[PDB]
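Reading through the structure tokens given below for one structure.
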Amino acid sequence: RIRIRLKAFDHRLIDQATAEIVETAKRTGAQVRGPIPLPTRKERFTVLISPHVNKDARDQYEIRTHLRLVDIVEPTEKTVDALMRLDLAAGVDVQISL
Amino acid sequence: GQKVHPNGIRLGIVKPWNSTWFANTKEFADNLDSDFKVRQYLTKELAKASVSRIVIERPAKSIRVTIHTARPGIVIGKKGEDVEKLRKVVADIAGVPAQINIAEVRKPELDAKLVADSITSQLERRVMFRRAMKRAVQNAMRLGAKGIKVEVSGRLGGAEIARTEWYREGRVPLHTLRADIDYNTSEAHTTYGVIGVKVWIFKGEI
Amino acid sequence: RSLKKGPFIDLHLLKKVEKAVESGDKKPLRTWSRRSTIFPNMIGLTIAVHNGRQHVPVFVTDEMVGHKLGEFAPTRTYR
Amino acid sequence: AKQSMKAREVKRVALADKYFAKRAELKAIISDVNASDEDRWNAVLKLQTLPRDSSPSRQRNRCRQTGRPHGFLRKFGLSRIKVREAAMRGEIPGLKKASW
RNA sequence: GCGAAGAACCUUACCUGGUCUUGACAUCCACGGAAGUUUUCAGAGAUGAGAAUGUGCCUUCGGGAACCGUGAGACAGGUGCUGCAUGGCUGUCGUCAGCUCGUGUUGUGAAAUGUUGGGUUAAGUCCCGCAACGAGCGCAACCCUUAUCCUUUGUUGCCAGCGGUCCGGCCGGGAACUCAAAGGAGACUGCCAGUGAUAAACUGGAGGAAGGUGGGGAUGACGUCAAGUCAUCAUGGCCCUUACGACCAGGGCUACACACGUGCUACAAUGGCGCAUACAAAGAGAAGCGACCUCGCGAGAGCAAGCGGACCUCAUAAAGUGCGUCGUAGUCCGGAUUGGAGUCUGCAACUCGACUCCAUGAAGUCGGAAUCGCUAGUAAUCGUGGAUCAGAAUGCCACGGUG
Numbered sequence: 005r006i007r008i009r010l011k012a013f014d015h016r017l018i019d020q021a022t023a024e025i026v027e028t029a030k031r032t033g034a035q036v037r038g039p040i041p042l043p044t045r046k047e048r049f050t051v052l053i054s055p056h057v058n059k060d061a062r063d064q065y066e067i068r069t070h071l072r073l074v075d076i077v078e079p080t081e082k083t084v085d086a087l088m089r090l091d092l093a094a095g096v097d098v099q100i101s102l
Numbered sequence: 001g002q003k004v005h006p007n008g009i010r011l012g013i014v015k016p017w018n019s020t021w022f023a024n025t026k027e028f029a030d031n032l033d034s035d036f037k038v039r040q041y042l043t044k045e046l047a048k049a050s051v052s053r054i055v056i057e058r059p060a061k062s063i064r065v066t067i068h069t070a071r072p073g074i075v076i077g078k079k080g081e082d083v084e085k086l087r088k089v090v091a092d093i094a095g096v097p098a099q100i101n102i103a104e105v106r107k108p109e110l111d112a113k114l115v116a117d118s119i120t121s122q123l124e125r126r127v128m129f130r131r132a133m134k135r136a137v138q139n140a141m142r143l144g145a146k147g148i149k150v151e152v153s154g155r156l157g158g159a160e161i162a163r164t165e166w167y168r169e170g171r172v173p174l175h176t177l178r179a180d181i182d183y184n185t186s187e188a189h190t191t192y193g194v195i196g197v198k199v200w201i202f203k204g205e206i
Numbered sequence: 002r003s004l005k006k007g008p009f010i011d012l013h014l015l016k017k018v019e020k021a022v023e024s025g026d027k028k029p030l031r032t033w034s035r036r037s038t039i040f041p042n043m044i045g046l047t048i049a050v051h052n053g054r055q056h057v058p059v060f061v062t063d064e065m066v067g068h069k070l071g072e073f074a075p076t077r078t079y080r
Numbered sequence: 002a003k004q005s006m007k008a009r010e011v012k013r014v015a016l017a018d019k020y021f022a023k024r025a026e027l028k029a030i031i032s033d034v035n036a037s038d039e040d041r042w043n044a045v046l047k048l049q050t051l052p053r054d055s056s057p058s059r060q061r062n063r064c065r066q067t068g069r070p071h072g073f074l075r076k077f078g079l080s081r082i083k084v085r086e087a088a089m090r091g092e093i094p095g096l097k098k099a100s101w
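Top to bottom, those sequences are chains AJ, AC, AS and AN.
Heads up: the first sequence runs through residues 5 to 102, numbered per the entry's author numbering.
Heads up: the second sequence runs through residues 1 to 206, numbered per the entry's author numbering.
Heads up: the third sequence runs through residues 2 to 80, numbered per the entry's author numbering.
Heads up: the fourth sequence runs through residues 2 to 101, numbered per the entry's author numbering.
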């Protein structure tokens, strides 16, 4: 039995991406819990601080990834077609768990 | 040196960007070549319009243009529907529906693009360059500003050589990164010289 | 010690060492591959090895088991 | 960009499309083991000294907007400053910086 | 121990000889050929050319021109010389405290006065008084952030409260808390006491998670210096242009008959060693982190997981603690061998890689005229992880324990 996940690099694009898989089924199945937020994680990243030739110093680069399980549970063949049409969308990533 | 390129590297600092567009990196040079092409056919239907700058945004399946004008009537034409020509000159190049917004310039005698025009059109009429230069500053510094500089080049006052001379009032932070300087270079292109003016305006940080 | 437990001879060197016994019909034959390894099959012959500007002869000793051709060819003028 | 680097790119990508035969890729499968002890060869590599510089080495994708290798970030294809400048404009797919 | 954060051929500016000279990139003139792929001979190779497989595109495949050969002829090419041609890029005194506009007063004037004097500070900084005042800039403030509550989240994380209940996050569930965020709060010498000129400022006191501008960043006031860089570069001159261009390999540049500043470690027994072992932060990951079991004296290779990154996998941190044993002994001190075996990646592990097993045991009995660093989560000490990439650094980047 399938489960599906959604990832995004912005706290707001993820909600208008949920609109293509959860609110496309608002009339086409049972109710779905308001999205559980999950941790955004630390996963610290770093870059060389000056545009050229400085190498003694390195800066922090603050970025986080959002992860949602969307509470939608097992999909119909129509919700799979709606999910595979979101796999064709740029700037986000969808994943399937078996 | 230490004059740099104000319309280049400095223009992305404390200012809104004049272009925003995404493309596949395998066609980035062709979509950069069209970022100029959508301006090339447009700045000819603004030739009288006293426009300080234009902004061209290319979201997915869309293109949205803002024009910052000192004269909002001359861009909308008879019955105010002739503004659609500014869409039709770029939509015929991009092949997608185009949007137009006309924005008003606050104090058009304090905007660098337009102050350099108001000096060039006086140098074309052979006025004494210091009179036009000092009147441009005494006007702008009374409309606002924290300081202003003007530099005039070419045939100064009837001179037998090209030359360069300047005038400055107040503070003009050219070595400060957050200064929000407003800049333009203009040229008169005559039978007897190129006759140029450069202006730097400072009104407040960030 | 070898490489991967076996002796090996590539075509560029095989075409030189199967022409020599003992003494050939002409001078010792020329090679530049100083990164090549010499094995007990090459025993008893003379070959001419490059130094970077000229070539010098070397003879394969009866006590040969595994050496690089660049190690025993007289190359470095020292003092 | 220098023709000397472009000519080595045009060699490096062409040595990755020189051979297609199952003997020219024998070093992907012949060092494979299931059991130890004793030698297997001594010289089975009969058509594998003929290749030159065809093995995967020194492969690059660089800063995809400028062609420069300097200071580019693998996760974006952009320079370590262009990753802010393009996100301040909203151009990077799914990523934004300031005022959102 | 620094030029431009990994060096075998690579990169590379050197030397010897190759393989080329409208060059690879480009505009273009003629003529015979489509172009690629496959393979044999010759060379180690850059290549010299056949033979097979083939005749695409536009067109009427009459013809045309990419493209290939061959010739002609303007040329193409260069991290070559030069910041002593420039621009850009930044570097420095320096977070230093000082620089201007409208002005007053004084002198013939350079210029002064003010900005001097009394108190004081991080500071021409804040005050007191005074022949000086307003207005600006830098400083501070502003902007970024951390030490801790409050509200919002509530999952496969956490589990206190609550009904079950070997009483276990386990079930029902909960939001109490660590966790991962976004906001709202908190710090201002501000409140209190002293000194002082009940000024400013400074030392104490309380409060709190904590100040004594809370600490560290961001800077580019007026200016200094013809600093570095043609090396991402762009580009005016110079130089080389069948070459100083380039492209294949060999010698190498990790060299050695000279001279040294500056590195880094052992020379135990308030302990070591063997055995049993406690408590982390910051990290890496489905083209990855790499397990179990098998084999090898081991590197590693087999068979091939687990996990979606809390839990799996890297990886039971060490110093320390306890017991037994040891006893200034060249020790259980200390550390290079010469021989032999391997394990792995690759045009190549000779000189000169990584990684591993067996033995040799040299030096060292604590270091010369002399000399070095930090005033508290600090010195020292004991440990930990990672990127780059075919393979390859206790260098380079970072953190916790004891303190």
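For every residue, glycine included, the Cβ atom is placed at its ideal position computed from N, Cα and C.
- Here residue 58 (chain AC) is near residue 21 (chain AC), since their CB atoms are less than 9 Å apart.
- Against residue 6 (chain AS), the close residues of chain AN are 39, 40, 41, 42 and 43, in the order they occur along the chain (beta-carbon pairs closer than 9 Å).
- The straight-line gap separating the alpha-carbon atoms of residue 50 (chain AS) and residue 61 (chain AS) is approximately 12 Å.
- For chain AC, the residues of the segment 65-99 of chain AN that bring a beta carbon within less than 8 Å of one of its beta carbons are 65, 66, 78, 86, 89, 90, 91, 92, 93 and 94, in chain order.
- Here residue 114 (chain AC) carries a helix assignment [DSSP, helix/strand/coil].
- Of AJ:13, AJ:101, AJ:17 and AJ:40, the smallest CA-CA separation from residue 79 (chain AJ) is found for AJ:101.
- Per DSSP, reduced to three states, the secondary structure at residue 35 (chain AC) is helical.
- Excluding sequence positions up to five before and after residue 24 (chain AN), its CB lies within less than 6 Å of the CB of 48, all in the same chain and listed in chain order.
- For the 9 Å CB-CB criterion, residue 134 (chain AC) and residue 167 (chain AC) form a contact.
- Listed as beta-bridge partners of residue 147 (chain AC) by DSSP are AC:170 and AC:202.
- Nearest C-alpha to residue 119 (chain AC) among AC:206, AC:184, AC:48 and AC:86: AC:184.
- For residue 74 (chain AC), the uninterrupted alpha helix (DSSP H) segment begins and ends at 73-76.
- Annotation: Cβ neighbours of residue 12 (chain AC) in chain AN (cutoff 7 Å, chain order): 86.
- When 8 Å is used as the limit between beta carbons, residue 12 (chain AS) is near these residues of chain AN: 50, in chain order.
- DSSP links residue 78 (chain AS) through a beta bridge to no other residue.
- Considering only beta carbons, the part of the segment 13-32 of chain AC lying closer than 7 Å to chain AN consists of 17, 20, 21, 22, 25 and 28, in chain order.
- Around residue 55 (chain AJ), the beta-carbon contacts reaching into chain AN at under 7 Å are 82.
- Counting of Cβ neighbours within 10 angstroms places residue 153 (chain AC) among the buried residues, the total reaching 16 or more.
- Scanning its chain for C-beta atoms nearer than 8 Å, with the 5 sequence neighbours on each side dropped, one finds around residue 63 (chain AJ) the residues 50, 51, 52 and 53, in chain order.
- Inter-segment contact for the segment 88-96 of chain AC and the segment 117-131 of chain AC is absent: fewer than three beta-carbon pairs are separated by less than 8 Å.
- If you compare the alpha carbons of AC:158, AC:11 and AC:201 with that of residue 55 (chain AC), the shortest gap goes to AC:11.
- One thing to note: residue 25 (chain AJ) has its Cβ no nearer than 9 Å to the Cβ of residue 73 (chain AJ).
- In the structure shown, residue 57 (chain AC) adopts extended strand secondary structure according to DSSP, grouped into three states.
- In this structure, the beta-carbon distance from residue 132 (chain AC) to residue 143 (chain AC) does not fall below 9 Å.
- In the structure shown, residue 56 (chain AS) falls within a strand segment according to DSSP collapsed to helix, strand and coil.
- Looking at the backbone, the Cα of residue 25 (chain AC) and that of residue 95 (chain AJ) are separated by about 15 Å.
- Burial check for residue 176 (chain AC): the Cβ neighbour count within 10 Å stays below 16, so the residue is exposed.
- DSSP, read as helix, strand or coil, puts residue 5 (chain AC) in coil.
- Ranking AC:195, AC:138 and AC:19 by CA distance to the CA of residue 157 (chain AC) puts AC:195 first.
- Below the 7 Å Cβ cutoff, chain AN contributes 43 and 44 as neighbours of residue 9 (chain AS), in chain order.
- Per the coordinates, the alpha-carbon of residue 28 (chain AS) lies some 10 Å from the alpha-carbon of residue 21 (chain AS).
- With respect to residue 113 (chain AC), residue 39 (chain AC) sits apart: the two C-beta atoms are not nearer than 9 Å.
- In terms of CA proximity to residue 64 (chain AS), AS:39 leads the group AS:5, AS:52, AS:39 and AS:24.
- Around the beta-carbon of residue 137 (chain AC), 16 or more other beta-carbon atoms lie within 10 Å, marking it buried.
- Only exposed fits residue 159 (chain AC), as fewer than 16 other CB atoms lie within 10 angstroms of its CB.
- Under DSSP, residue 73 (chain AN) takes part in a beta bridge, and its partners are AN:80.
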